[PDB]
Amino acid sequence: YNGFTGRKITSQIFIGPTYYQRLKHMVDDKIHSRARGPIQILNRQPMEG
Amino acid sequence: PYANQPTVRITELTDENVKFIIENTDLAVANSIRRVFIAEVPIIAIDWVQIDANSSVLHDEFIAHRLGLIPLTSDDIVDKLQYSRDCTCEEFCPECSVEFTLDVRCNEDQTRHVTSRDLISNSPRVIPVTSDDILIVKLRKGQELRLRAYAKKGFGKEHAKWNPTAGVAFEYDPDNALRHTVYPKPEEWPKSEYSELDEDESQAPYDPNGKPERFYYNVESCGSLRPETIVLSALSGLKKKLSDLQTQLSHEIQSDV
Amino acid sequence: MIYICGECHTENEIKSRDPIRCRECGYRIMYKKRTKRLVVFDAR
Amino acid sequence: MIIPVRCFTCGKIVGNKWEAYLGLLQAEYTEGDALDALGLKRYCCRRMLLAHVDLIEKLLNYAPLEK
Amino acid sequence: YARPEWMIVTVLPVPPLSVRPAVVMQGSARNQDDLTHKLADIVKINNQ
RNA sequence: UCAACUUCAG
Ligand SMILES: CO[C@@H]1[C@H](O)[C@H](n2cnc3c(=O)nc(N)[nH]c32)O[C@H]1COP(=O)(O)OP(=O)(O)OP(=O)(O)O
Ligand SMILES: [Zn+2]
Ligand SMILES: [Zn+2]
Ligand SMILES: [Zn+2]
């Protein structure tokens, strides 16, 4: 049954208990942004990482 | 051009369950009543924890999570209690919250099961649905848990800890007559408990003029609110939301004029 | 401050610039011990 | 690590039923019969007790940091 | 722009310190670039 | 701090 409207979904939907794993890759570890931050000595270009 | 007059027939009423049927109502109204059951019925649950000493294996925020999920009797005073935001006093006070305390140490050799029974409330009306018990942590000898918690009014839209219900079963058209679900092979499909069809007939004949009515509900209480008062509070809360909407709408119409 | 011993689990007070050795057991691993200030956890 | 309070899918309290489940298993009851006796009906709730691994007992073997 | 004699090295250009920065650690020590070490070797052999 | 290495992601 559709959660928002309560109407039965026309196509019957495959439901069951499946085992799922949470991989170590998380968005908080990956989100990054740069704006005139630290700069390397030799190249005098923005740093890496 | 006006609202239909719904009717209710309660088939089952037990301390944990209410099975009822609402007839002559729209699908939108019925679904939104179910939705309010789930998310918009106020309840009391722990939302502030301060752990003085936690030597248990579980870390502090694990204990806090488990404490918040513990249901608390909110039958009468949840209507009396105010939201923390509404209350004038800073932080929390007897009107906006309820205080719980836990002071357990495993002095004995045998493992001590810290349960919800060990939580002690300052007001007798809110108790952790103890009258087994929910296990907060297991303490080895020499391990101690001490904490103070504050329980506040809220509804399940904020957090699932404030859900007053376990499972709301909502069904309409038990025998597929409006063809809202089109079975590829009708015979393979099990009959509903509310189905009135004979065993030979898998589906009722298509009703071209039909509209979803006679909705069947089974609302299972989590123990915090009685299953009857979950439904009553949901109806009243939906009516209050509509009335607030109407008040703001009237004010803005007056402003436009 | 006061450091709890790793093995014998007895609190010993070690001054700054003092070797990290528990009295009466001699273990060289100490733990800082929980803070007095208290942190609020939302049960969420 | 420890039996979760409330089944994830629906929210029925399953935290009070782990010790009773273990006791019923000790009695003679099959896992399904014990789950039925505890009142777990939907397979979402039965997954909570059936699939639970109690590591808190293994962690309690280690001696506490402060005694 | 280029005479054949100028290809033979009679004067070695020493790059500025910008080209060969001194890698500082904790103020306790200053490692020197590979170019600085090679130039030190060249100076030693030239003095010998 | 910089070089090196390995392990991962798509
Ligand atoms: C589809 O093409 C992409 C891209 O070409 C880019 N890519 C990825 N690895 C590399 C690499 O090593 N070097 C370079 N240059 N590019 C690379 O990744 C490719 C696919 O790889 P995959 O085949 O694993 O994608 P699934 O089919 O596996 O997707 P699921 O169902 O998991 O989401
Ligand atoms: Zn207050
Ligand atoms: Zn010691
Ligand atoms: Zn469940």
Side-chain angles (χ1 to χ4, degrees), chain A residues 3-4 9 11 13-49, chain B residues 57-66 159-160, chain C residues 1 3 6 14-21 28-32 35 39 41-42 44, chain D residues 1-4 7-9 44 47-48 50-62 65, chain E residues 7-48:
Chain A
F4 305 115
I9 290 171
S11 300
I13 289 181
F14 188 63
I15 303 189
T18 317
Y19 193 77
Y20 255 76
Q21 317 162 313
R22 182 177 186 189
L23 310 194
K24 70 166 175 296
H25 321 284
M26 292 167 293
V27 54
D28 274 351
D29 303 332
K30 293 154 177 297
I31 178 172
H32 186 54
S33 49
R34 165 69 183 248
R36 299 209 312 275
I39 256 179
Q40 310 165 216
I41 311 180
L42 184 50
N43 309 337
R44 274 181 175 78
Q45 289 183 348
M47 301 188 73
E48 176 183 7
Chain B
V57 183
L58 315 175
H59 48 289
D60 320 326
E61 34 263 30
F62 192 103
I63 300 285
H65 171 244
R66 302 205 79 202
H159 192 261
Chain C
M1 311 298 296
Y3 306 104
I14 291 181
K15 68 170 185 57
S16 299
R17 207 177 309 269
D18 182 77
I20 305 156
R21 284 182 57 87
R28 296 174 183 268
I29 302 181
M30 299 295 111
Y31 295 96
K32 175 76 181 56
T35 179
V39 177
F41 303 98
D42 261 18
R44 307 180 170 185
Chain D
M1 296 167 58
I2 194 160
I3 179 73
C7 161
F8 303 143
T9 293
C44 68
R47 158 207 50 170
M48 287 288 105
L50 195 60
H52 173 66
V53 173
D54 208 27
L55 276 155
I56 188 80
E57 291 291 338
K58 314 306 163 188
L59 306 172
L60 287 178
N61 288 332
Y62 299 92
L65 202 62
Chain E
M7 294 189 307
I8 307 295
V9 178
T10 324
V11 167
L12 187 69
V14 171
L17 293 171
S18 311
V19 176
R20 40 189 191 91
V23 170
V24 178
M25 280 186 295
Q26 296 180 355
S28 71
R30 296 184 72 105
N31 302 10
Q32 297 166 356
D33 214 356
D34 296 1
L35 289 187
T36 311
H37 297 302
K38 203 56 176 183
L39 290 164
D41 297 356
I42 297 174
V43 173
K44 290 172 189 175
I45 307 301
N46 202 25
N47 297 340
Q48 291 179 14

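By convention in this document, chain letters (A, B, ...) are assigned in the order of the sequence lines, proteins followed by strands, and residues within each chain are numbered from 1.
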> What residues, two or more places apart in sequence or in another chain, satisfy side chain to side chain contact (heavy atoms under 4.5 Å, CB included) together with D60(B)?
Replying inline: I51(B), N54(B), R34(C), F41(C)

> Nearest heavy-atom pair of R34(A) and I39(A): which atoms, and what distance?
Replying inline: NH2-CG1, 3.9 Å

> What's the shortest heavy-atom distance between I3(D) and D54(D), and which atoms?
Replying inline: N-OD1, 4.3 Å

> Could you write nucleotides 2-9 of chain F as a row of B, S and -, 5' to 3', where a protein heavy atom under 4.0 Å of any base atom gives B, of only sugar-phosphate atoms gives S, and otherwise -?
Replying inline: S-----SS

>> I'd like to know if the side chain of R47(D) reaches the main chain of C44(D), judged simply by a donor and an acceptor atom lying under 3.5 Å from each other, with no hydrogens or angles considered.
In response: yes

> Taking all non-hydrogen atoms of both residues, which atom of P13(E) and which atom of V11(E) are closest, and how far apart?
Replying inline: CD-O, 3.5 Å

